[PDB]
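Numbered by PDB author numbering, the letters in the sequence shown go through residues 71 to 248, 282 to 472 in order.
Cβ coordinates follow ideal geometry from the N, Cα and C atoms, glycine included.
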Amino acid sequence: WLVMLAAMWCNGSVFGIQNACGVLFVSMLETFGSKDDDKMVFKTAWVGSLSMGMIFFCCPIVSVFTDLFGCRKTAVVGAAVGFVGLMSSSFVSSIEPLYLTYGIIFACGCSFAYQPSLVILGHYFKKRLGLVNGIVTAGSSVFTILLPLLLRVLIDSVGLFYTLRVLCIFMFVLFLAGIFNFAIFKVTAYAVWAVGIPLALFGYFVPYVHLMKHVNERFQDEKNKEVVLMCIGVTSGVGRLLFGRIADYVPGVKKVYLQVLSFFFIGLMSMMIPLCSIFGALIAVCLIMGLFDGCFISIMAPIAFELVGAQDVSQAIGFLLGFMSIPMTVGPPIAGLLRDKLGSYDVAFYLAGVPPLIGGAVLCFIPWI
């Protein structure tokens, strides 16, 4: 009757695996090496990009499915289909079949499982949900911290296919645990916000999938390479807690000024990613980037709440997560193409840090009306 552990496991599994796709990326490059094509980064990044894009895209679909097929049934069938897709992802001997079995089937299963966790909390003990949300966000963040060490030890101990075999247990734990009208876009503020946010999300997912390859090709002498994910996760959680507790200090629609500040710092800090000369500098870059990422994710909701009204928060956020699918599945493949054409990720990260600046330039007009 206490869904705290299930919600913590649900959000941790659906996002911790995706946020730790960088080690999966370099593992796929290692296990699929072939000199017949030099654009292997472009093809391989597409798997994780499509996984994230299909997870974010199916949010209105799973919303309308759960709204009329029950939370329990939809959650359990989504966990089952994600588990069977992830299990089938280990029975693959190439890269092109991994598009469907991981970036489509596993992604749609994860999207079908994650969303009902959000709805099931609305009707159980509808009094102290602030602390409930804080605790579940902290648990998801600590799971996202603890996951990449497990991923790396699984990889270098047993391989990649067996690693995907093992992560089905988390999907098995989630298996055990538990009208999209377009009329909201006629308000100008939500329209400009929901066209500027995906434009600012182009370079967001580039480091989450390509950074591990960057530190592998530049810091092979580094003894512990996953400290980046540790720092990014701990600062993400610190940002979530800090901007769930304090960020309501500023009133009105002006919360996006905190959002544009986060986008400006993450853009400039991604610009500073190739400028690093020592590993500690890159680590600090990751701390500030993760803190502002946690800020962004934590304050993702209140601007929507104050813009589209209280009655359309879930539906508007469903559309906005739907529109965020394109930058996730378009950005990092462009970075891979740039790396393949150039030979390094410095220009790739340089260009990936740019569309946060355009997003910062375009969300500044939100407080106008």
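- Outcome for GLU329 when other beta-carbon atoms lying within 10 angstroms are tallied against a minimum of 16: The residue given as residue 329 occupies position 226 in the sequence shown. Counting Cβ neighbours within 10 Å, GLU329 comes out buried, since at least 16 surround it.
- Going by other Cβ atoms of all chains shown within 10 Å of its Cβ, with 16 needed for buried, is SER163 buried or exposed? In the sequence shown, the residue the question calls residue 163 occupies position 93. Around the beta carbon of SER163, fewer than 16 other beta carbons lie within 10 angstroms, which makes this residue exposed.
- Task: Determine, using beta carbons only, whether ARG343 and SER159 come nearer to each other than 8 Å.
- Result: Here the question's residue 343 lines up with position 240 in the sequence shown. Here the question's residue 159 lines up with position 89 in the sequence shown. No, the pair does not count as a contact, with Cβ atoms beyond the cut-off.
- Every unbroken alpha helix (DSSP H) within the region 132-200, with a cutoff of 4 residues, ordered by chain: With a minimum length of 4 residues, the continuous alpha helix (DSSP H) runs that stay inside the region 132-200 are 141-159, 167-173 and 175-190.
- Query: Taking all protein chains shown into account, do 16 or more other C-beta atoms lie within 10 angstroms of the C-beta of residue 473, making it buried, or fewer, making it exposed?
  - Reply: This structure does not reach residue 473, given that the chain is present from 71 up to 472, and the question cannot be answered.
- Report the option in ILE225, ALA303 and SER401 whose CA atom is closest to the CA atom of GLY456. Here residue 456 is taken as the residue at index 353 of the sequence shown, counted from 1. Restricting attention to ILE225, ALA303 and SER401, the CA atom closest to the CA of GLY456 is found in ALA303.
- Please report the residue range of the alpha helix (DSSP H) in which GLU329 lies. Position 226 of the sequence shown, counted from the start, is the residue given in the question as residue 329. The continuous stretches of alpha helix (DSSP H) do not include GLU329, and DSSP gives it neither H nor E.
- Buried or exposed: which applies to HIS317, given that a residue is buried once 16 or more other Cβ atoms fall within 10 Å of its Cβ? Translated into positions along the sequence shown, residue 317 becomes position 214. Its Cβ being crowded by 16 or more others within 10 Å, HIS317 is buried.
- Helix, strand or coil for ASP107, going by three-state DSSP, please let me know. For the purposes of this step, residue 107 is identified with residue 37 of the sequence shown, where counting begins at 1. Note: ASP107 maps to coil in three-state DSSP.
- The alpha helix (DSSP H) spanning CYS80 covers which residue range? Counting from one through the sequence shown, the residue named residue 80 turns up at place 10. 74-89 is the extent of the alpha helix (DSSP H) around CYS80.
- Message: Need the endpoints of the alpha helix (DSSP H) that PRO354 sits in, please.
- Response: Taking the first residue of the sequence shown as 1, we reach residue 354 at position 251. Run containing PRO354: none; DSSP gives neither H nor E here.
- Task: Mind reading off the beta-carbon distance from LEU454 to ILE402? Whole number of angstroms is fine, and I expect it under 8 Å.
- Result: Residue 454 sits at position 351 when you count from the first residue of the sequence shown. Residue 402 sits at position 299 when you count from the first residue of the sequence shown. Not confirmed; about 27 Å, so no contact.
- Message: Given a cut-off of 8 Å on the beta-carbon distance, is the pair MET427 and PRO301 in contact?
- Response: By one-based count along the sequence shown, residue 427 stands at place 324. By one-based count along the sequence shown, residue 301 stands at place 198. It is a contact, given that the beta carbons lie within the stated cut-off.
- How about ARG442: is its C-beta nearer than 8 Å to some C-beta of chain C? Absent from the structure: chain C. Only one protein chain is present.
- Reducing DSSP to helix, strand and coil, say where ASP324 ends up. In the sequence shown, residue 324 corresponds to position 221, counting from 1. Coil, per DSSP.
- With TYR293 as the anchor, note down where its alpha helix (DSSP H) starts and where it stops. Residue 293 sits at position 190 when you count from the first residue of the sequence shown. If you look at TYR293, you'll find it in the alpha helix (DSSP H) that goes 291-303.
- Roughly how far, in whole angstroms, is the beta-carbon of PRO436 from the beta-carbon of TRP116, given that I think they are within contact range, below 8 Å? Along the sequence shown, one-based indexing puts residue 436 at 333. Along the sequence shown, one-based indexing puts residue 116 at 46. Right, their Cβ atoms sit about 5 Å apart.
- Beta-carbon separation of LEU94 and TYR169 under 8 Å? Within the sequence shown, numbered from 1, the residue matching residue 94 stands at position 24. Within the sequence shown, numbered from 1, the residue matching residue 169 stands at position 99. Between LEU94 and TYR169, the C-beta spacing is not below 8 Å.
- Proximity below 8 Å, CB of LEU217 to CB of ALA90: Counting from 1 along the sequence shown, the entry for residue 217 is found at position 147. Counting from 1 along the sequence shown, the entry for residue 90 is found at position 20. Their beta carbons are under 8 Å apart, which means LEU217 touches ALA90 by this criterion.
- Given a threshold of 16 other Cβ atoms within 10 Å of its Cβ, counted over all protein chains shown, does residue 257 qualify as buried or as exposed? Since the model of the chain passes from 248 to 282 in one step, residue 257 is not part of what is shown.
- Query: How is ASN319 classed by DSSP in three states: helix, strand or coil?
  - Reply: As a working mapping, residue 319 is identified with position 216 in the sequence shown. Helix at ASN319.
- Beta-carbon contacts of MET157 that lie in its chain and below 6 Å, excluding the five residues immediately before and after: Here residue 157 refers to the residue found at position 87 of the sequence shown. Counting only Cβ-Cβ distances below 6 Å, and skipping sequence neighbours, we find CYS238.
- When the Cα of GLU409 is compared with those of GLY439, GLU100 and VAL290, which residue comes out closest? The count along the sequence shown starts at 1 and reaches residue 409 at position 306. Cα-wise, what sits closest to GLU409 is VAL290.
- Assign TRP296 to one of two classes, buried (16 or more other C-beta atoms within 10 Å of its C-beta) or exposed (fewer than that). What you label residue 296 is simply residue 193 of the sequence shown in a count that begins at 1. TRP296 should be labelled buried.
- Out of curiosity, what's the CA-to-CA distance linking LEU466 and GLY118? Walking along the sequence shown from the start, residue 466 turns up at place 363. Walking along the sequence shown from the start, residue 118 turns up at place 48. Taking the straight line joining both Cα atoms gives about 28 Å.
- Any non-hydrogen atom of the ligand HEM within 7 Å of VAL206 CB: For the ligand HEM, the structure offers nothing, since it holds no ligand at all.
- Beta-carbon gap between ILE369 and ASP396 smaller than 8 Å: Along the sequence shown, read from residue 1 onward, the residue named residue 369 stands at position 266. Along the sequence shown, read from residue 1 onward, the residue named residue 396 stands at position 293. Contact: yes.
- Which value, in whole angstroms, describes the spacing of the CA atoms of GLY439 and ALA404? By 1-based counting over the sequence shown, the position of residue 439 is 336. By 1-based counting over the sequence shown, the position of residue 404 is 301. C-alpha separation (whole angstroms): 31 Å.
- Look up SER380 in the DSSP assignment and say whether it is helix, strand or coil. Translated into the one-based positions of the sequence shown, residue 380 becomes position 277. Correct three-state label for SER380: coil.
- Item | N-terminal and C-terminal residue of the alpha helix (DSSP H) that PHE408 is part of | Numbered from 1 along the sequence shown, position 305 holds the residue referred to as residue 408. 403-410 is the span of the alpha helix (DSSP H), which, as asked, contains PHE408.
- Chain-order list of residues whose beta-carbon lies under 7 Å from that of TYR194 (same chain, five-residue window excluded): Within the sequence shown, the letter at position 124 stands for residue 194. Only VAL73 meet the Cβ criterion.
- Could you tell me the distance, in whole angstroms, from the CA atom of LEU460 to the CA atom of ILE215? For the purposes of this step, residue 460 is taken as the residue at position 357 of the sequence shown. For the purposes of this step, residue 215 is taken as the residue at position 145 of the sequence shown. Going from the Cα of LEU460 to the Cα of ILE215 covers about 28 Å.
- Task: Report all residues from its chain with a CB closer than 6 Å to the CB of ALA451; omit the five preceding and five following residues, and keep chain order.
- Result: Stepping through the sequence shown from its first residue, residue 451 is reached at position 348. Same-chain partners within the cutoff: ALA438, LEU441 and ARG442.
- Query: What residue does the alpha helix (DSSP H) around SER417 start on, and which one ends it?
  - Reply: Along the sequence shown, read from residue 1 onward, the residue named residue 417 stands at position 314. First-last of the alpha helix (DSSP H) with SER417: 416-426.
- Find the nearest neighbour of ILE386 within the set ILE87, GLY336, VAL411 and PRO167, judged by alpha-carbon distance. Indexing the sequence shown from 1 puts residue 386 at position 283. Checked all of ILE87, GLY336, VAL411 and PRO167; the closest Cα to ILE386 is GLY336.
- Task: With DSSP as the reference, label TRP71 as helix, strand or coil.
- Result: Counting from 1 along the sequence shown, the entry for residue 71 is found at position 1. Reduced to three states, the DSSP call for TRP71 is coil.
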